[PDB]
Structure formats: structure tokens, C-alpha cells
>>> print(open('target_20.tsv').read())   # TSV, C-alpha atoms and all ligand atoms
chain	number	residue	atom	x	y	z
A	1	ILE	CA	158.24	103.71	173.75
A	2	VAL	CA	158.55	100.20	175.20
A	3	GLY	CA	158.19	97.25	172.79
A	4	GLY	CA	158.15	99.43	169.70
A	5	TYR	CA	160.43	99.66	166.65
A	6	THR	CA	162.74	102.17	165.04
A	7	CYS	CA	160.54	104.36	162.87
A	8	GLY	CA	163.11	105.07	160.18
A	9	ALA	CA	164.42	108.62	159.62
A	10	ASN	CA	161.76	111.23	158.96
A	11	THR	CA	158.92	108.74	158.46
A	12	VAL	CA	156.87	110.63	161.10
A	13	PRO	CA	157.28	114.16	159.73
A	14	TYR	CA	154.88	115.85	162.11
A	15	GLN	CA	156.79	114.69	165.23
A	16	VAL	CA	158.66	117.42	167.16
A	17	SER	CA	160.98	117.26	170.19
A	18	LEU	CA	160.54	120.00	172.87
A	19	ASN	CA	164.01	120.91	174.04
A	20	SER	CA	165.47	123.02	176.90
A	21	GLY	CA	169.04	121.71	176.65
A	22	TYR	CA	167.76	118.10	176.57
A	23	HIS	CA	164.60	116.44	175.17
A	24	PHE	CA	161.80	116.51	177.77
A	25	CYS	CA	158.55	116.03	175.70
A	26	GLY	CA	157.22	115.30	172.21
A	27	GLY	CA	154.63	117.26	170.26
A	28	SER	CA	152.87	117.38	166.85
A	29	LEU	CA	153.09	120.00	164.14
A	30	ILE	CA	149.49	120.92	163.05
A	31	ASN	CA	150.35	123.85	160.69
A	32	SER	CA	153.58	125.80	159.94
A	33	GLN	CA	153.55	127.94	163.07
A	34	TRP	CA	151.72	125.83	165.70
A	35	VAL	CA	152.46	122.63	167.68
A	36	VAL	CA	150.14	120.71	170.02
A	37	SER	CA	151.59	118.99	173.07
A	38	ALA	CA	150.48	118.20	176.62
A	39	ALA	CA	149.85	120.91	179.21
A	40	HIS	CA	152.01	119.18	181.73
A	41	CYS	CA	155.03	119.56	179.39
A	42	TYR	CA	154.83	123.34	179.91
A	43	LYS	CA	157.94	125.28	180.95
A	44	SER	CA	159.66	128.39	179.71
A	45	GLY	CA	162.68	128.33	177.44
A	46	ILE	CA	161.25	125.86	174.94
A	47	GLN	CA	163.02	125.34	171.64
A	48	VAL	CA	160.97	123.19	169.22
A	49	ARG	CA	163.06	120.79	167.14
A	50	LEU	CA	161.53	119.64	163.86
A	51	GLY	CA	162.86	117.09	161.26
A	52	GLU	CA	164.69	115.02	163.84
A	53	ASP	CA	165.59	111.39	163.94
A	54	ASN	CA	168.78	111.09	166.11
A	55	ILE	CA	168.20	113.91	168.73
A	56	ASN	CA	171.87	113.92	169.76
A	57	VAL	CA	173.34	114.30	166.20
A	58	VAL	CA	172.63	117.07	163.60
A	59	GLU	CA	172.11	114.83	160.48
A	60	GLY	CA	170.45	117.44	158.31
A	61	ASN	CA	166.69	118.28	157.97
A	62	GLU	CA	166.48	119.72	161.42
A	63	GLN	CA	164.85	123.08	162.04
A	64	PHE	CA	165.28	124.50	165.59
A	65	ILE	CA	162.71	127.22	166.29
A	66	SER	CA	161.96	128.94	169.59
A	67	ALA	CA	158.42	128.95	170.96
A	68	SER	CA	156.93	132.50	170.87
A	69	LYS	CA	154.18	131.49	173.44
A	70	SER	CA	152.69	128.33	174.92
A	71	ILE	CA	148.95	128.25	175.70
A	72	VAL	CA	147.99	125.74	178.38
A	73	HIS	CA	144.27	124.87	178.30
A	74	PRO	CA	142.58	127.24	180.94
A	75	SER	CA	140.81	124.28	182.61
A	76	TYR	CA	143.93	122.12	182.81
A	77	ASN	CA	143.98	120.32	186.23
A	78	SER	CA	147.46	119.12	187.22
A	79	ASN	CA	146.13	116.66	189.79
A	80	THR	CA	143.84	114.71	187.45
A	81	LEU	CA	145.53	115.71	184.17
A	82	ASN	CA	142.10	116.48	182.82
A	83	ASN	CA	142.43	118.80	179.72
A	84	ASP	CA	146.12	117.93	179.33
A	85	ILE	CA	146.63	119.84	176.08
A	86	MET	CA	148.77	122.89	175.15
A	87	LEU	CA	149.35	124.80	171.95
A	88	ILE	CA	152.84	126.26	171.19
A	89	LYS	CA	153.20	129.07	168.68
A	90	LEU	CA	156.57	129.16	166.89
A	91	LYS	CA	158.63	132.38	166.62
A	92	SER	CA	158.86	131.90	162.80
A	93	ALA	CA	157.07	129.46	160.54
A	94	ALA	CA	158.72	126.18	159.73
A	95	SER	CA	159.57	125.24	156.09
A	96	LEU	CA	157.28	122.29	155.33
A	97	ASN	CA	158.57	119.66	152.90
A	98	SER	CA	158.49	115.85	152.85
A	99	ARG	CA	160.53	115.60	156.08
A	100	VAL	CA	158.64	118.27	158.01
A	101	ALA	CA	154.85	118.17	157.47
A	102	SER	CA	151.82	118.91	159.67
A	103	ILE	CA	149.18	116.31	160.67
A	104	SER	CA	145.41	116.94	160.34
A	105	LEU	CA	143.08	117.39	163.25
A	106	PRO	CA	140.13	114.95	163.27
A	107	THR	CA	136.56	115.73	162.27
A	108	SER	CA	135.21	112.94	164.43
A	109	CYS	CA	136.45	110.86	167.33
A	110	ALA	CA	137.82	107.37	166.74
A	111	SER	CA	136.21	104.14	167.77
A	112	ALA	CA	137.58	101.44	169.99
A	113	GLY	CA	139.63	99.01	167.90
A	114	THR	CA	141.08	101.79	165.69
A	115	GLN	CA	144.83	101.10	165.16
A	116	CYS	CA	147.04	104.14	165.69
A	117	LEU	CA	150.75	105.02	165.57
A	118	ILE	CA	152.36	106.46	168.69
A	119	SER	CA	155.98	107.74	168.48
A	120	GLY	CA	158.64	109.38	170.65
A	121	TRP	CA	162.13	109.41	172.19
A	122	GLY	CA	160.99	108.21	175.59
A	123	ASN	CA	162.20	105.41	177.72
A	124	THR	CA	162.22	101.94	176.10
A	125	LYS	CA	162.39	99.94	179.43
A	126	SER	CA	159.42	99.41	181.79
A	127	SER	CA	161.67	98.56	184.69
A	128	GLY	CA	164.62	101.04	184.33
A	129	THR	CA	165.58	103.93	182.01
A	130	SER	CA	167.13	103.53	178.52
A	131	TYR	CA	166.53	106.55	176.32
A	132	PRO	CA	167.02	106.11	172.57
A	133	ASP	CA	168.84	108.39	170.16
A	134	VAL	CA	166.39	107.83	167.30
A	135	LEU	CA	162.59	107.92	167.14
A	136	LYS	CA	160.61	104.82	168.17
A	137	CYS	CA	157.19	103.82	166.91
A	138	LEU	CA	154.44	101.59	168.23
A	139	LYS	CA	151.17	100.59	166.55
A	140	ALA	CA	148.45	100.25	169.27
A	141	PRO	CA	144.64	100.11	169.27
A	142	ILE	CA	142.22	102.39	171.15
A	143	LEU	CA	140.51	100.38	173.92
A	144	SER	CA	136.82	100.50	174.82
A	145	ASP	CA	135.72	102.89	177.50
A	146	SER	CA	134.72	100.06	179.80
A	147	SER	CA	138.15	98.48	179.69
A	148	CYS	CA	139.81	101.83	180.27
A	149	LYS	CA	137.56	102.73	183.27
A	150	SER	CA	137.88	99.26	184.65
A	151	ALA	CA	141.68	99.68	184.59
A	152	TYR	CA	141.71	103.13	186.14
A	153	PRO	CA	138.51	103.35	188.23
A	154	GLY	CA	137.62	106.95	189.01
A	155	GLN	CA	140.45	108.52	186.99
A	156	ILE	CA	139.25	108.64	183.38
A	157	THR	CA	137.29	111.70	182.28
A	158	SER	CA	135.50	112.09	178.97
A	159	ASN	CA	138.65	113.84	177.70
A	160	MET	CA	140.79	110.74	177.92
A	161	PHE	CA	141.01	107.36	176.23
A	162	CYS	CA	143.21	104.30	176.73
A	163	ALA	CA	145.23	102.72	173.92
A	164	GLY	CA	147.64	99.85	174.22
A	165	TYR	CA	147.89	96.23	175.30
A	166	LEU	CA	146.46	94.80	178.54
A	167	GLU	CA	148.89	91.92	178.43
A	168	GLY	CA	151.72	94.48	178.96
A	169	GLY	CA	154.98	94.74	176.93
A	170	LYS	CA	154.16	97.61	174.63
A	171	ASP	CA	153.32	101.21	175.75
A	172	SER	CA	154.49	104.81	175.60
A	173	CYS	CA	156.59	105.90	178.62
A	174	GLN	CA	158.34	108.94	180.13
A	175	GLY	CA	159.92	111.11	177.47
A	176	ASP	CA	156.97	110.37	175.12
A	177	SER	CA	154.49	112.72	176.90
A	178	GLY	CA	153.05	115.36	174.61
A	179	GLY	CA	153.55	113.31	171.51
A	180	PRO	CA	151.17	112.10	168.81
A	181	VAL	CA	148.67	109.27	168.56
A	182	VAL	CA	147.68	109.25	164.88
A	183	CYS	CA	144.90	107.12	163.48
A	184	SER	CA	143.93	107.07	159.82
A	185	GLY	CA	146.00	110.18	159.23
A	186	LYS	CA	144.33	112.33	161.89
A	187	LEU	CA	145.80	113.29	165.29
A	188	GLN	CA	143.38	111.59	167.74
A	189	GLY	CA	145.51	111.64	170.93
A	190	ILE	CA	148.36	113.20	172.90
A	191	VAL	CA	150.52	110.94	175.17
A	192	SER	CA	149.45	111.96	178.72
A	193	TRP	CA	149.96	109.39	181.52
A	194	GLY	CA	149.89	105.76	182.62
A	195	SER	CA	150.85	103.70	185.74
A	196	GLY	CA	154.46	102.62	185.11
A	197	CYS	CA	155.12	101.64	181.56
A	198	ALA	CA	153.96	98.59	179.76
A	199	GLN	CA	152.58	96.92	182.86
A	200	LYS	CA	149.79	94.35	182.63
A	201	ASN	CA	146.30	95.79	182.77
A	202	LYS	CA	147.62	99.40	183.01
A	203	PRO	CA	147.31	100.77	179.44
A	204	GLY	CA	148.43	104.30	178.47
A	205	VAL	CA	145.99	107.21	178.74
A	206	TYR	CA	145.79	109.86	176.07
A	207	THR	CA	144.11	113.24	175.70
A	208	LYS	CA	141.10	112.83	173.39
A	209	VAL	CA	141.86	115.50	170.78
A	210	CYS	CA	138.48	115.31	168.95
A	211	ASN	CA	136.99	117.07	172.03
A	212	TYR	CA	139.27	120.11	171.53
A	213	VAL	CA	139.13	120.87	167.85
A	214	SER	CA	136.87	124.00	168.14
A	215	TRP	CA	139.07	125.17	171.06
A	216	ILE	CA	142.28	124.71	169.02
A	217	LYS	CA	140.74	126.44	166.02
A	218	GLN	CA	139.40	129.39	168.00
A	219	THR	CA	142.55	129.83	170.01
A	220	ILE	CA	144.80	129.82	166.87
A	221	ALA	CA	142.46	132.14	165.07
A	222	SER	CA	142.78	134.68	167.90
A	223	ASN	CA	146.60	134.42	168.49
B	1	LIG	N1	152.70	104.51	180.74
B	1	LIG	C1	152.53	105.47	179.86
B	1	LIG	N2	151.81	105.28	178.77
B	1	LIG	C2	153.12	106.73	180.05
B	1	LIG	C3	152.95	107.75	179.07
B	1	LIG	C4	153.51	109.03	179.19
B	1	LIG	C5	154.24	109.26	180.30
B	1	LIG	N3	154.89	110.30	180.70
B	1	LIG	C6	155.43	109.99	181.83
B	1	LIG	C7	156.16	110.90	182.59
B	1	LIG	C8	156.86	110.46	183.72
B	1	LIG	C9	157.58	111.32	184.51
B	1	LIG	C10	157.63	112.66	184.20
B	1	LIG	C11	156.94	113.17	183.08
B	1	LIG	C12	156.99	114.54	182.78
B	1	LIG	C13	156.70	115.50	183.77
B	1	LIG	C14	156.76	116.87	183.49
B	1	LIG	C15	157.11	117.31	182.21
B	1	LIG	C16	157.38	116.37	181.23
B	1	LIG	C17	157.32	115.02	181.51
B	1	LIG	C18	156.21	112.27	182.28
B	1	LIG	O1	155.55	112.73	181.16
B	1	LIG	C19	155.21	108.78	182.28
B	1	LIG	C20	154.44	108.32	181.28
B	1	LIG	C21	153.90	107.04	181.19
B	2	CA	CA	169.44	115.20	164.99
B	3	CL	CL	134.39	105.09	187.07
>>> encode(input="target_20.tsv", output="C-alpha cells", more="lines below")
Ligand SMILES: NC(=[NH2+])c1ccc2[nH]c(-c3cccc(-c4ccccc4)c3[O-])cc2c1
Ligand SMILES: [Ca+2]
Ligand SMILES: [Cl-]
Amino acid sequence: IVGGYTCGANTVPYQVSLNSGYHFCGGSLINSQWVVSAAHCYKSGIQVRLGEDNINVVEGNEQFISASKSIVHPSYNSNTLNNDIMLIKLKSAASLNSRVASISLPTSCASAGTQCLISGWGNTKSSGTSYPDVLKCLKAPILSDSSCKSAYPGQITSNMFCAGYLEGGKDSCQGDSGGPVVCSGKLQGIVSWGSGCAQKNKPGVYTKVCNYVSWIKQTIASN
């Protein structure tokens, strides 16, 4: 997260770190046995780490659970990143409490102007790499479709939305992919891509979760 602030330990209880010997992507807990992340964060050997703040120090509250299976959306396109969503089923259910809690899926999509909270352990520099130990937060608004399409002509599908600041300075970045974009207590987006990080007129692009709720529900119900 570039231009964000330190969240404060366990203030984002649905945030998870996907780990394979190092942190490579974020994710969101939506119930005690399932996590939602981005399809491009897929790999084998994923250990989901819940209740984290400093990802390099065991401080207490952490729950490390292995993924039993990861379900990449069948229509995921790695060249356009259209349908960049994945569901991860945990080997055992997590113990939910005040430090580990799930986030609700939306019933409707959000409107431009909605203020959301994006979090993650990704890079905090736009020009260079500086990875933090603790979780960073950023409050950012969803942009209108015209501004998004005007910024990325020909690359935005109906399953994506832009959120951020056109002046530059604040954005999600590498290491944040797969993580949550929460607005009014509902998970509206998943960190997907962007051109650089925090550059002027190049806002971040997120997977529009409201378009996948029936898919998530049906897939979980059958797995
Ligand atoms: N400007 C943004 N808002 C933004 C958001 C998420 C991002 N993720 C990345 C990213 C960069 C390099 C590699 C990966 C990557 C690739 C495979 C698996 C996991 C992460 C990224 O997610 C850049 C990147 C940029
Ligand atoms: Ca830790
Ligand atoms: Cl267009």
C-alpha cells in the first residue's frame, strides 16, 4: 500500500496472508472455512495465515491453516485478468473471535464515490520496493466507469472497477494482490492490477465482487 497508514493490530480481522515460505498475496475470510483472493495468486503449497499483524513475528492470535483446495474461476483469463477471483477452502475451520472474523459479501454493487478500505502487506514505494512488517491501510473511493475506462482504454471489463486517486500518491501495489476492498462493511473488491503503483492517472483496478456472489455461493455449496 503506498501512501497509506498502519492499520493497528487486528483492526482488519478478515484479512489473511497467503504464504508459501514468504507472503505473496492477501485474501479475505468470508466464512470459517473459505477465503476469497485473486485467481492470479494461485499456486500450490498455500498456507493461509489468519490473525496477523507483523507477518515476520508470531505475536499471538495467528492461526496458520493449509488450503485444502483452491478454485480459480473457470473463465479466468490471465492475459486480461478478467474474472480474477479464486476461492480457497481451508483444511480445518478457523476459530472466529474478535481478531479473526469473516466479512460479508455484498447484496448490491457500490456506486462511484463510495469510500472503501483497502489493506495489505505490499510494497509501500511506487518507485522501488519496501515491504512492511505490519498491515497497511488506505481509504480510497470507487471511481466512475468513465474515468476508469478513460485511464485504461480497452482494458476494463464489466468485472472490474477503479478505486484510488488520479493525482497519484496513494494506491495498492505488489504484495497487496488478492486482498480486500471493503465498503460499508461488505467486500466489494479484490486487489487485481494497476500500471505501476500510485502513478498519476493510473488508478488501481479491482475485481467487482458483486458480479460473483451467486458463483461464490453455488461453488461453496457444492464443495
Ligand atoms: N497499482 C496497483 N494498484 C497494483 C495492485 C496490485 C498489484 N499487484 C501487483 C503485482 C505485481 C507483480 C506481481 C504480482 C503477482 C504475480 C503473481 C502472483 C502474485 C502476485 C502482483 O500481484 C502489482 C500491483 C499493482
Ligand atoms: Ca505475526
Ligand atoms: Cl473502452
>>> axis_aligned_box(input="target_20.tsv", around="ligand LIG 1 (chain B)", padding_each_side="4 Å", output="lines of an AutoDock Vina configuration file")
center_x = 154.7
center_y = 110.9
center_z = 181.6
size_x = 13.8
size_y = 20.8
size_z = 13.7
>>> closest_atom_pairs(input="target_20.tsv", of="chain A", to="ligand LIG 1 (chain B)", cutoff="7 Å", atoms="only C-alpha atoms and all ligand atoms", output="tab-separated table")
residue	atom	partner	partner_atom	distance
A:24	CA	B:LIG1	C16	5.6
A:25	CA	B:LIG1	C16	5.7
A:40	CA	B:LIG1	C15	5.5
A:41	CA	B:LIG1	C15	4.2
A:42	CA	B:LIG1	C15	6.8
A:171	CA	B:LIG1	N2	5.3
A:172	CA	B:LIG1	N2	4.2
A:173	CA	B:LIG1	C2	3.8
A:174	CA	B:LIG1	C6	3.5
A:175	CA	B:LIG1	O1	5.9
A:176	CA	B:LIG1	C4	5.5
A:177	CA	B:LIG1	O1	4.4
A:191	CA	B:LIG1	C4	5.4
A:192	CA	B:LIG1	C4	5.0
A:193	CA	B:LIG1	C3	4.2
A:194	CA	B:LIG1	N1	3.6
A:195	CA	B:LIG1	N1	5.4
A:196	CA	B:LIG1	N1	5.1
A:197	CA	B:LIG1	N1	3.8
A:198	CA	B:LIG1	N1	6.1
A:203	CA	B:LIG1	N2	6.4
A:204	CA	B:LIG1	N2	3.5
A:205	CA	B:LIG1	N2	6.1
>>> residues_near_ligand(input="target_20.tsv", ligand="ligand CL 3 (chain B)", cutoff="8 Å", atoms="all atoms listed in the file", output="JSON, numbers by chain")
{"A": [149, 150, 152, 153, 154, 155, 156]}
>>> closest_residue(input="target_20.tsv", among="A:29, A:50, A:58, A:36", to="ligand CA 2 (chain B)", atoms="all atoms listed in the file")
A:58
>>> atom_distance(input="target_20.tsv", atom1="atom CA of residue 146 of chain A", atom2="atom CA of residue 213 of chain A")
24.4 Å
>>> residues_near_ligand(input="target_20.tsv", ligand="ligand CA 2 (chain B)", cutoff="7 Å", atoms="all atoms listed in the file", output="number ranges by chain")
A: 52-59, 62
>>> closest_residue(input="target_20.tsv", among="A:206, A:64, A:5, A:76", to="residue 163 of chain A", atoms="only C-alpha atoms")
A:206
>>> closest_residue(input="target_20.tsv", among="A:8, A:26, A:113, A:120", to="residue 48 of chain A", atoms="all atoms listed in the file")
A:26
>>> closest_residue(input="target_20.tsv", among="A:158, A:129, A:98, A:17", to="residue 65 of chain A", atoms="all atoms listed in the file")
A:17
>>> closest_residue(input="target_20.tsv", among="A:190, A:105, A:81, A:112", to="residue 214 of chain A", atoms="only C-alpha atoms")
A:105
>>> decode(input="target_20.tsv", residues="segment 7-20 of chain A", atoms="N, CA and C atoms", output="tab-separated table (two decimals), in the first residue's frame")
chain	number	residue	atom	x	y	z
A	7	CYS	N	-2.52	0.07	9.96
A	7	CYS	CA	-3.88	-0.23	10.44
A	7	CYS	C	-4.08	-0.30	11.94
A	8	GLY	N	-3.17	-0.96	12.59
A	8	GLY	CA	-3.26	-1.13	14.06
A	8	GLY	C	-3.51	-2.66	14.13
A	9	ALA	N	-2.88	-3.33	15.05
A	9	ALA	CA	-3.06	-4.79	15.16
A	9	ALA	C	-4.48	-5.30	15.28
A	10	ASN	N	-4.76	-6.21	14.41
A	10	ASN	CA	-6.06	-6.91	14.26
A	10	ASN	C	-7.29	-6.04	14.06
A	11	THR	N	-7.12	-4.88	13.48
A	11	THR	CA	-8.28	-3.99	13.24
A	11	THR	C	-8.97	-4.35	11.91
A	12	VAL	N	-8.37	-5.26	11.19
A	12	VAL	CA	-8.92	-5.73	9.87
A	12	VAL	C	-8.94	-7.26	10.02
A	13	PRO	N	-9.86	-7.75	10.79
A	13	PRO	CA	-9.89	-9.17	11.18
A	13	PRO	C	-10.16	-10.15	10.09
A	14	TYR	N	-10.63	-9.69	8.96
A	14	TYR	CA	-10.92	-10.64	7.85
A	14	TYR	C	-9.74	-10.73	6.89
A	15	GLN	N	-8.71	-9.98	7.14
A	15	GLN	CA	-7.50	-10.00	6.24
A	15	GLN	C	-6.63	-11.26	6.44
A	16	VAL	N	-6.25	-11.91	5.37
A	16	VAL	CA	-5.39	-13.11	5.53
A	16	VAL	C	-4.15	-12.86	4.64
A	17	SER	N	-3.12	-13.60	4.93
A	17	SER	CA	-1.83	-13.52	4.18
A	17	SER	C	-1.73	-14.93	3.56
A	18	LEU	N	-1.38	-15.01	2.30
A	18	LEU	CA	-1.25	-16.34	1.62
A	18	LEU	C	0.28	-16.45	1.71
A	19	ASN	N	0.68	-17.58	2.23
A	19	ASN	CA	2.11	-17.86	2.44
A	19	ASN	C	2.66	-19.16	1.88
A	20	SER	N	3.83	-19.11	1.29
A	20	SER	CA	4.47	-20.36	0.74
A	20	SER	C	5.96	-20.20	1.14
